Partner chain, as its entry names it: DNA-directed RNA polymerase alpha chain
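Below you will find one chain, with nothing else, as C-alpha coordinates; this is the form solved without its partner chain, and questions on how it binds or moves follow later.
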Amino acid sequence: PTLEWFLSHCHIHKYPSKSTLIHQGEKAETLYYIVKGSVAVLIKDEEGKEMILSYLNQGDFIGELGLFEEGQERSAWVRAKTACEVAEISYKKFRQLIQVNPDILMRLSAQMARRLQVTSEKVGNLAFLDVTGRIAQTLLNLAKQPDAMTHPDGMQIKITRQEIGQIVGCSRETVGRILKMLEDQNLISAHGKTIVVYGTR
(Lines give C-alpha, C1' and ligand atoms only; values in the text may rest on other atoms or scores of the structure.)
Protein backbone atom coordinates (compact mmCIF):
# COMPACT_ATOMS: atom_id res chain seq x y z
CA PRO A 1 0.00 0.00 0.00
CA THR A 2 0.96 3.63 -0.63
CA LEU A 3 1.97 4.00 3.04
CA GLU A 4 4.77 1.45 2.67
CA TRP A 5 6.37 3.48 -0.13
CA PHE A 6 6.87 6.25 2.47
CA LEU A 7 7.35 3.82 5.36
CA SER A 8 10.63 2.47 3.90
CA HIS A 9 12.09 5.85 3.11
CA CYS A 10 11.13 6.80 6.71
CA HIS A 11 13.57 5.75 9.44
CA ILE A 12 11.85 4.25 12.54
CA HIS A 13 13.35 5.23 15.89
CA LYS A 14 12.58 4.20 19.49
CA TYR A 15 11.67 7.07 21.87
CA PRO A 16 11.12 6.26 25.58
CA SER A 17 8.12 7.42 27.69
CA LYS A 18 8.32 11.16 28.64
CA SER A 19 11.15 11.68 26.06
CA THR A 20 10.43 15.21 24.66
CA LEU A 21 10.06 14.14 20.93
CA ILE A 22 10.17 17.73 19.51
CA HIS A 23 10.93 21.05 21.14
CA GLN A 24 9.30 24.39 20.35
CA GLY A 25 11.48 26.96 18.65
CA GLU A 26 13.96 24.71 16.76
CA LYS A 27 14.04 24.94 12.97
CA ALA A 28 12.02 22.76 10.64
CA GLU A 29 14.25 19.88 10.09
CA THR A 30 12.36 16.57 9.48
CA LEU A 31 8.78 15.26 8.99
CA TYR A 32 7.72 12.61 11.59
CA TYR A 33 5.27 9.64 11.59
CA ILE A 34 4.32 7.51 14.60
CA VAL A 35 4.64 3.84 13.60
CA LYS A 36 3.57 2.60 17.13
CA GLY A 37 2.72 4.54 20.31
CA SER A 38 1.49 8.03 21.11
CA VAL A 39 2.42 11.63 21.54
CA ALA A 40 1.35 14.82 23.49
CA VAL A 41 1.68 18.34 22.06
CA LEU A 42 1.71 21.39 24.27
CA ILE A 43 2.56 24.99 24.52
CA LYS A 44 3.48 27.18 27.61
CA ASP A 45 2.66 30.80 28.50
CA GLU A 46 4.59 34.13 29.24
CA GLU A 47 6.73 31.58 31.07
CA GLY A 48 5.60 28.65 33.16
CA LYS A 49 2.30 26.76 32.64
CA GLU A 50 2.07 24.18 29.88
CA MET A 51 -1.34 23.52 28.22
CA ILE A 52 -2.09 20.40 26.20
CA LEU A 53 -3.55 21.09 22.76
CA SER A 54 -3.79 17.62 21.22
CA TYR A 55 -2.49 14.14 21.48
CA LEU A 56 -1.75 12.19 18.27
CA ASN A 57 -1.49 8.34 18.05
CA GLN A 58 -0.42 5.62 15.58
CA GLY A 59 -0.61 6.78 12.02
CA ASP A 60 -0.36 10.54 12.48
CA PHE A 61 2.25 12.96 11.19
CA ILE A 62 4.08 15.17 13.68
CA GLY A 63 5.66 18.43 12.60
CA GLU A 64 4.50 19.21 9.16
CA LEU A 65 3.60 22.95 9.67
CA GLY A 66 6.98 24.05 8.40
CA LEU A 67 6.99 22.02 5.14
CA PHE A 68 5.23 24.44 2.80
CA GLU A 69 7.52 27.47 3.39
CA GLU A 70 11.16 27.58 4.66
CA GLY A 71 12.58 28.67 8.00
CA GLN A 72 9.60 27.98 10.24
CA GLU A 73 10.49 27.48 13.88
CA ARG A 74 8.76 24.58 15.61
CA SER A 75 5.17 25.48 16.43
CA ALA A 76 5.06 23.73 19.79
CA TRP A 77 6.32 21.01 22.13
CA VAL A 78 5.69 17.44 21.31
CA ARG A 79 6.51 15.09 24.21
CA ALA A 80 6.01 11.29 23.97
CA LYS A 81 3.19 10.06 26.15
CA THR A 82 3.71 6.28 26.18
CA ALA A 83 6.99 5.09 24.58
CA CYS A 84 6.47 5.01 20.77
CA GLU A 85 8.35 4.58 17.48
CA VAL A 86 8.46 7.77 15.38
CA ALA A 87 9.90 7.14 11.89
CA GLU A 88 11.00 10.02 9.66
CA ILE A 89 12.19 11.74 6.40
CA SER A 90 13.96 14.94 5.63
CA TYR A 91 11.73 17.78 4.32
CA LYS A 92 13.55 18.13 1.03
CA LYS A 93 13.16 14.41 0.26
CA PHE A 94 9.45 14.48 1.21
CA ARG A 95 8.72 16.94 -1.64
CA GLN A 96 10.61 14.92 -4.24
CA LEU A 97 8.65 11.93 -2.90
CA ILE A 98 5.25 13.82 -3.19
CA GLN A 99 5.71 13.99 -6.97
CA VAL A 100 6.61 10.21 -7.36
CA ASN A 101 3.31 9.48 -5.62
CA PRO A 102 1.11 12.38 -4.46
CA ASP A 103 -1.60 10.41 -2.79
CA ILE A 104 0.32 10.56 0.53
CA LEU A 105 0.42 14.41 0.28
CA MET A 106 -3.35 13.90 0.00
CA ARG A 107 -3.27 11.92 3.26
CA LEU A 108 -1.24 14.55 5.11
CA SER A 109 -3.69 17.39 4.25
CA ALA A 110 -6.45 15.26 5.78
CA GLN A 111 -4.78 15.51 9.22
CA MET A 112 -3.82 19.13 8.66
CA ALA A 113 -7.49 19.79 7.94
CA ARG A 114 -9.17 17.86 10.75
CA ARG A 115 -6.75 19.09 13.39
CA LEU A 116 -8.01 22.67 12.71
CA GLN A 117 -11.72 21.54 13.14
CA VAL A 118 -10.70 20.16 16.55
CA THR A 119 -8.64 23.25 17.31
CA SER A 120 -11.36 25.73 16.27
CA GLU A 121 -13.66 23.80 18.61
CA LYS A 122 -11.13 24.54 21.37
CA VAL A 123 -11.36 28.21 20.90
CA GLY A 124 -15.08 27.55 21.14
CA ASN A 125 -14.83 25.67 24.41
CA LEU A 126 -12.55 28.33 26.05
CA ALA A 127 -14.80 31.17 25.08
CA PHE A 128 -18.37 29.85 25.36
CA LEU A 129 -18.19 27.36 28.21
CA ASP A 130 -17.08 27.46 31.85
CA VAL A 131 -14.67 24.94 33.48
CA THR A 132 -17.37 22.48 34.48
CA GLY A 133 -18.47 22.58 30.81
CA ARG A 134 -14.97 22.06 29.39
CA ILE A 135 -14.25 19.23 31.84
CA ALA A 136 -17.45 17.36 31.05
CA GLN A 137 -16.87 17.75 27.36
CA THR A 138 -13.23 16.67 27.59
CA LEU A 139 -13.99 13.46 29.45
CA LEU A 140 -16.33 12.46 26.61
CA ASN A 141 -13.51 13.23 24.11
CA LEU A 142 -11.01 11.12 26.05
CA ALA A 143 -13.50 8.26 26.19
CA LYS A 144 -13.38 8.40 22.38
CA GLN A 145 -9.56 8.54 22.53
CA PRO A 146 -7.93 5.19 21.62
CA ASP A 147 -6.25 5.12 25.02
CA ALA A 148 -9.51 4.03 26.68
CA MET A 149 -10.10 0.55 28.02
CA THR A 150 -13.77 -0.37 28.45
CA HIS A 151 -15.43 -0.79 31.82
CA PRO A 152 -18.95 -2.46 32.07
CA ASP A 153 -20.66 0.94 32.56
CA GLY A 154 -18.73 3.45 30.45
CA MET A 155 -15.26 4.08 28.89
CA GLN A 156 -12.26 3.94 31.31
CA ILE A 157 -9.20 6.20 31.21
CA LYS A 158 -6.22 6.56 33.65
CA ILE A 159 -5.29 10.23 33.34
CA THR A 160 -4.75 12.69 36.17
CA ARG A 161 -6.27 15.83 37.61
CA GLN A 162 -3.10 17.79 36.90
CA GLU A 163 -3.39 16.87 33.22
CA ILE A 164 -7.13 17.68 33.05
CA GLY A 165 -6.53 21.13 34.48
CA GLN A 166 -3.91 21.43 31.71
CA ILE A 167 -6.23 20.51 28.73
CA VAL A 168 -9.13 22.43 30.44
CA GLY A 169 -7.17 25.56 31.34
CA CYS A 170 -7.67 25.77 35.10
CA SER A 171 -5.84 25.09 38.43
CA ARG A 172 -5.92 21.37 39.39
CA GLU A 173 -7.78 22.20 42.62
CA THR A 174 -10.91 23.09 40.61
CA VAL A 175 -10.50 19.78 38.75
CA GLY A 176 -10.48 18.13 42.20
CA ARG A 177 -13.67 19.83 43.36
CA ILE A 178 -15.61 19.37 40.03
CA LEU A 179 -14.61 15.73 39.44
CA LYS A 180 -15.97 15.30 42.96
CA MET A 181 -19.09 17.16 41.89
CA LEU A 182 -19.84 15.02 38.81
CA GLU A 183 -19.26 11.98 41.07
CA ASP A 184 -21.94 12.99 43.66
CA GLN A 185 -24.53 12.82 40.79
CA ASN A 186 -23.40 9.52 39.28
CA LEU A 187 -22.09 10.90 36.04
CA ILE A 188 -18.54 9.57 37.17
CA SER A 189 -16.88 6.70 39.10
CA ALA A 190 -13.28 7.97 39.91
CA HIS A 191 -10.11 6.56 41.65
CA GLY A 192 -7.05 7.51 39.47
CA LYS A 193 -8.59 5.21 36.86
CA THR A 194 -11.68 7.25 35.90
CA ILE A 195 -14.82 5.98 34.21
CA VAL A 196 -17.09 8.44 32.70
CA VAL A 197 -20.34 6.42 32.42
CA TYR A 198 -22.75 7.40 29.59
CA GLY A 199 -24.30 3.94 29.49
CA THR A 200 -24.09 2.82 25.85
CA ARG A 201 -20.29 2.59 25.57
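Under this definition, the rigid core comprises the largest set of C-alpha atoms superposing within 1.5 Å between the forms. Shifts are known only where both forms have a C-alpha. Positions refer to the first chain, counted from 1.
Per-stretch averaging of Cα B factors for 179-187 and 10-18 places 10-18 on top.
Between 67-75 and 111-119, it is 67-75 that carries the larger average Cα temperature factor according to the deposited entry. Comparing the listed residues 149, 56, 31, 159, the entry records the largest Cα B-factor for 149.
Which of 37, 169, 133, 154 has the largest Cα B-factor in the deposited entry comes down to 154. Remark: residue 105 belongs to the middle third of its chain, ranked by C-alpha B-factor as recorded. In this PDB entry, the Cα temperature factor of residue 82 sits in the middle third of its chain's modelled residues.
Residue 50: CA B factor lies in the lowest third for its chain, per the PDB record.
What follows is about the form deposited with its partner chain bound, which we do not show.
None of the heavy atoms of residue 59 is located within 4.5 Å of its partner chain in the entry with it bound. For residue 150, a non-hydrogen atom is located within 4.5 Å of its partner chain in the entry with it bound, even though that partner is not displayed. Its partner chain in the entry with it bound is approached by residue 156, whose closest heavy atom lies within 4.5 angstroms of it. The comparison between the shown form and the other one, aligned on the rigid core, picks out a single residue among 180, 193, 18, 23 whose CA moves by 2 Å or more, and that residue is 193.
Compared with the form shown here, the C-alpha atoms of residue 161 and residue 195 sit at least 3 Å closer together in the entry with it bound. Against the superposed rigid core, the only consecutive-residue run (3 or more long) showing CA movement of at least 2 Å between the shown form and the other one spans 192-201.
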